[PDB]
Amino acid sequence: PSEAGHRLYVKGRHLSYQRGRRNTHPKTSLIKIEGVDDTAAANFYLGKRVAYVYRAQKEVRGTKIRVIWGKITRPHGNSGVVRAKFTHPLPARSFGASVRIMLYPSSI
Amino acid sequence: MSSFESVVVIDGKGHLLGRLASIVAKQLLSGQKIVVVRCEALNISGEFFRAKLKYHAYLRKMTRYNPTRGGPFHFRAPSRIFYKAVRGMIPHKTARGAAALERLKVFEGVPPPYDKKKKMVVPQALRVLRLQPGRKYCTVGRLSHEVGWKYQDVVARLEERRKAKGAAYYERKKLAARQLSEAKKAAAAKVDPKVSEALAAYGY
Amino acid sequence: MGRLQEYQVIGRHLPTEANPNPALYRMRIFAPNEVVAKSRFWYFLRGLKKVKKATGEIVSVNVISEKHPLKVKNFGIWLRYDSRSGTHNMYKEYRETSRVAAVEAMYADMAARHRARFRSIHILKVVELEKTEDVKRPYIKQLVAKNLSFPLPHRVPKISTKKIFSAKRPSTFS
Amino acid sequence: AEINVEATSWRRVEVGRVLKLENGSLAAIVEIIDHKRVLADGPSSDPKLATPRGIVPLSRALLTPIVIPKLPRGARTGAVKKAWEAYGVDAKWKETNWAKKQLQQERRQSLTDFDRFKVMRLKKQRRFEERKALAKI
Amino acid sequence: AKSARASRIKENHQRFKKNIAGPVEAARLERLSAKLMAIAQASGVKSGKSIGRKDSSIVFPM
Amino acid sequence: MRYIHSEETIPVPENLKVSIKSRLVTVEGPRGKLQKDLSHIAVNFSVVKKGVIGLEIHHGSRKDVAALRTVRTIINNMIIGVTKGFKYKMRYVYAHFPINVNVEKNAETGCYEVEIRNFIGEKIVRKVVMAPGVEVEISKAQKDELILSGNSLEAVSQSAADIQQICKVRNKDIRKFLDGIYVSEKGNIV
Amino acid sequence: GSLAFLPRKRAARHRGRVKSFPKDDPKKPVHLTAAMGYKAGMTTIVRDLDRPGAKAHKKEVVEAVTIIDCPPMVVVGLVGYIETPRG
Amino acid sequence: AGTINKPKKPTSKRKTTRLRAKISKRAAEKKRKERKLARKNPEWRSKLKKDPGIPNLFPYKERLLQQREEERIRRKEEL
RNA sequence: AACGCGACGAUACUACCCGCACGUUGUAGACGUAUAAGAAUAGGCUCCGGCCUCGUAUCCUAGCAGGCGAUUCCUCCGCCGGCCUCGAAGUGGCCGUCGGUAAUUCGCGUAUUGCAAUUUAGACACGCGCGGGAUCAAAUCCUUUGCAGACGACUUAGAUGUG
């Protein structure tokens, strides 16, 4: 009985698109990494895989879970928020929804 | 340090109403569920009659043709005063804004589900850390009682029952801590020599 | 205001056939950089004297550094500022470590207390009070008291602004 | 006449009071500039506890329970260093609770992945004896 | 004239309620309660003395 | 101007016991015990010598320093109350209708009650309930005199004011109608 | 008209609810508060008035009274309420 | 006054843009009239202005006045 | 409040309750979703020794996604009962039975998913199935009533009866 965890990823939250006062740009998203509070801490996560895991209705090829893959591109602001670019823009209904930030490609 | 939790139960005592609401609103839009307890113990800066003057001016604003529908529904409970502040801080006329409000819960006192949970505090909204020592402040419970809130005494009695049970729990709590220290002392002389400095060298 | 250094600016009128070897005036100017230091030289000279930039020449710009930037000193500043009523004399005292520190505090203090701007203030004299008994202002006089020692009641702790939620109520005693 | 007062016992900023900065370094107050700033100097031989002579704001500092007894006002680096070594500020600071907590933090940060596994295994063995003792009482 | 919610009228009514109306209504209540008294008098888990459980929400579903 | 230090002193006599918590002051004396909460004022309390209480404030303004003067006299008044006490003497005067004053002590709530009758011939009975710890007696030394004494100056003075206000003439001439109950002398019991 | 009775709609029920029982303190003896009856009609009475200070004092007055038929009520249950922050 | 219990109509601080242009035109018009009136200037203007001099609370007024006095004398004898 | 809530009565099928078997079922979004004193902030906590900037803390945390057999251990976890306790929008404690259980140390097994591809794994609700227990209901139309009424609505009465 291991009674332990299996988490190899850092938790994140999809806050919003890259936006101005009025105009929003779905191509780039903003992610809040848990425990990341400054730009120095965010620099560790640039270039890391980020996957949005959600559930669907129809089983396509053995699962109902679909994944959208992206990367952490650059830090946003001064509060540890990062910018992410995915294969497709996130559904925009996933504002405030969990994302997975993987530890690869690693350089440590 | 930006941790994510199932629900953060905030002890509303000693908090400035607006500053707590702004922080609560940002967390709700980010996707975090918030429960605020003891809204009657919240604080509003400035003198009391200024808070009373604002609410009476709020009572002025009423729809002329039909007060039943459309008009500003004035809520006298302390939690709904806090909820009004949070609602004005959230785009409640959107689907995203309504979903954010579903992550919020406000109460008078500490209902029995939450009287056994850990109440967090928001330092940025704490009155003792924010207000200049000479300035005046007022309590939301006092303003609510003066505008029509009917349940000030009932909430007060339930707090007395709640804190009496807390006294018994703390007496039990101190007994366990005393027993833990004694057990720790007895084991420390029997566990091992070699293990001891290994923990100490590692900081544990 | 900003970050300032004392500047020794020596300038002269351009030598003509009738007047070779001109007067070589000098001023001490508090400016953020050398570009501003020369501008204030010609602005002040245009008022005082009849020498303009076109017929002028900057001989030298030098930085005056404080001799002892580790000794606590009391400074007295005699300044004139103009308001909606007119131009007023005021004498004020600043306890600092350098003259530039004293002048920077003066600009902040005049802006806070009288809404006076940089373009409105003329610094007529900054002097180190060589000894106590030269301190006239009670706020400086209390700092030069014998055996000064005070507590720091109601000290608000520094909590990271990104640490939204705290488990314990903070204390304001140390 | 009986008077019993329990109000507060603060630590006073005064000449000779050594204060702790955020860097973990120490500095003794040499002169009080105003109610918000002081002039300090840390002559400790330890590079971690050393502080260059200069102005330190009191918001950025913390008052330690150590006071050099008769430090002269305006004393320069040579005079302050003589009092620092004579009083033994480094030895007294190392015995303080603040330094012990800071040392504990430093050891825990330097832990590697293998050390965390060892800490967990060694703590469980310690916990096993603690649980047996608590069972008796 | 003095309104029905005048402070002075309330004070006078309070004295009347305490010094005249009170004793009369107290005597009436004693007689009425006596008549209703006459009519009426005419293991914890297994016994119910231990009050146990019979047979939208307030918390978020975990 | 943010004065760095300002302090005051309250000497205590030998027969007192000043127990002061955070800012709750309790003074026990031969006459009794007084208590008062002054947590609304930022003040640091201390013992400077054997029998003098020191109160100081650090980094305050003129408003904050001046507040120490009020605290000094308030605690001093509680010291006087437990040692010497306070006494207020009232005289009631009339032209034609003699004022009837009745003083009784009731068991419930333990407070003295002063009942006034025949004020300018009025049929209303005016009842004033004294503050707790305030004793009222009719002196058999002067005619139409009411003695009001206790341990708290505020309770004694306020209760004397309550009697004066209730017996106030209305819709008449102040220059012609002189009836009423007035405070005559103020001082200490001892 | 009066705006205190403004929603001049039909009553939601034919019976009518008390909406307020007198305030309770434990010192008085145990008693009931309300009862039901059926309206029968009106009739005229003659009363020997004993109103000190009235013009009809020590005189006979004719008044209109209403009769309510009141068969005894049967107690068939018991209900308990608790105080909440919501009433 | 019973303002707390029964407050009256608020005084709006929301600026209407009609006033703002009207408020800016008057500021421009008033500034022009000052410049025109200062041009007519039937009033005497002098060269040397009333210098208030060194403040009395300046601790070194002795040395500065002695400095100024000897500055005048040395310049006078040199010229 | 016709999209606020509570208590109670009777609920025919459907499936009302219980157990487990899954769902190519829905979820503004599990992945250790761990952590109850009260009160003051010009003071407080204590085991009465002392302690308090600091939750960068405490607990839990190893094993084919966590096997099998030992060595060794009375530590922790879970289900059922019995006694009680929890009502502000209702639960936890104690005892007993049974089941599991690295605190120490081993033996056997892991390969091949081929150099990464959400590590499809939680909770609630809903539905489909068995096998055990349980129940045999109402409302409306209709006729009637006038305490009601523009029409609906409403107060009534229609099963043997004071109809």
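Naming follows the PDB entry, where chain F appears as 60S ribosomal protein l9-like protein of Chaetomium thermophilum. Word for word, the UniProt comment on chain F under Sequence similarities (unreviewed entry) is "Belongs to the universal ribosomal protein uL6 family."

Chain A carries the name 60S ribosomal protein l33-like protein in the PDB entry, which gives Chaetomium thermophilum as its organism. The UniProt entry for chain A carries the following text under Sequence similarities (unreviewed entry): "Belongs to the eukaryotic ribosomal protein eL33 family."

1. Description of the overall build of chain A
Within chain A, the secondary structure is distributed over one helix and six strands. Reading chain A from its N terminus to its C terminus gives the helix and strand order β-β-α-β-β-β-β. With the C-alpha coordinates of chain A rotated into their principal frame, the extents come out at 45 × 35 × 20 Å. Across the 108 residues that make up chain A, the buried fraction comes to 35%. Restricting to contacts in chain A with at least 6 residues of sequence separation, those with at least 24 account for 57%. Distance from the positive charge centre (21 side chains) to the negative charge centre (5 side chains) of chain A: 15 Å.

2. A closer look at the interface of chain D and chain C
Facing the 19 residues of chain D at the interface are 15 residues of chain C. The largest per-residue losses of area from chain D upon contact with chain C belong to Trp10, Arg12 and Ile33 of chain D, which jointly make up 31% of the total buried on that side. The interface formed by chain D and chain C contains two salt bridges. Put simply, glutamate 31 of chain D and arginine 95 of chain C hold a salt bridge, and the shortest N to O gap is 2.9 Å. At the boundary of chain D and chain C, one finds eight residue pairs in polar contact. Every element with two or more residues in the side of chain D that touches chain C is listed here: β3 (26-32), β4 (37-42), β5 (51-57) and β6 (61-67) of chain D. Ranked by residues supplied to the side of chain D that touches chain C, first place goes to β5 of chain D with three residues. Classifying every residue of the side of chain D that touches chain C gives nine nonpolar, three polar and seven charged.

3. Some details on unusual backbone geometry
Trans is the common state for peptide bonds, and a negative phi is the common state for residues other than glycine. Here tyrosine 104 of chain A and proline 105 of chain A are connected by a cis peptide whose omega angle stands at 0°. Tracing the backbone through its elements, the reader meets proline 105 of chain A in the segment after β6 (97-102). Even without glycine at this site, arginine 115 of chain C takes up a positive phi of about 55°. Along the chain, the position of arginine 115 of chain C falls in the loop between α2 (99-114) and β6 (121-128). Positive phi, normally seen in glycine, also occurs at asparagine 41 of chain H, with a value near 30°. In this fold, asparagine 41 of chain H is placed in the loop between α1 (17-40) and α2 (61-78). Using a relative accessible area of 45% as the deciding quantity, one classes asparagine 41 of chain H as partly exposed.

4. Considerations on the protein's contact with RNA strand I
The immediate surroundings of RNA strand I are formed by 117 residues, with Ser98 of chain A, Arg38 and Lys165 of chain B, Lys124 of chain D together with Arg53 of chain E found nearest. Considering RNA strand I, the proportion of its atoms within 4 Å of the protein that are sugar or phosphate atoms stands at 51%. Taking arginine 108 of chain D, its side chain carries an N or O atom lying 3.0 Å from a phosphate oxygen of RNA strand I. Residue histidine 58 of chain F places a main-chain N or O atom 2.9 Å away from a base nitrogen belonging to RNA strand I. Of the residues forming the surface near RNA strand I, the biggest block, 13 residues, is contributed by helix α7 (residues 152-188) of chain B. When the residues that make up the surface near RNA strand I are grouped by side-chain class, the tally is 39 nonpolar, 30 polar and 48 charged.

Parameters at a glance
Residues numbered from 1 in each chain as written, not as in the entry; some residues may be left out. Chains lettered and ligands numbered in written order. Part of a larger assembly, values for the part shown. Heavy atoms only, no water. UniProt positions renumbered as here; feature names shortened; annotations may be inferred. Helix = DSSP H or I, 4+ residues; strand = E, 2+ residues; numbered from the N terminus. Buried < 20%, exposed > 50% of the residue type's maximum accessible area, 1.4 Å probe, protein only. Contact = heavy atoms within 4.5 Å. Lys, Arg positive; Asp, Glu negative; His and termini not counted. Charge placed at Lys NZ, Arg CZ, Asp CG, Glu CD. Buried area = accessible area lost by both parts, 1.4 Å probe. Salt bridge = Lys/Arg side-chain N within 4 Å of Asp/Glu carboxyl O. Polar contact = N/O pair within 3.5 Å; in protein donor to acceptor, adjacent residues only side chain to side chain. Nonpolar A, V, L, I, M, F, W, Y, C, P; charged D, E, K, R; others polar. Near = heavy atom within 4 Å.

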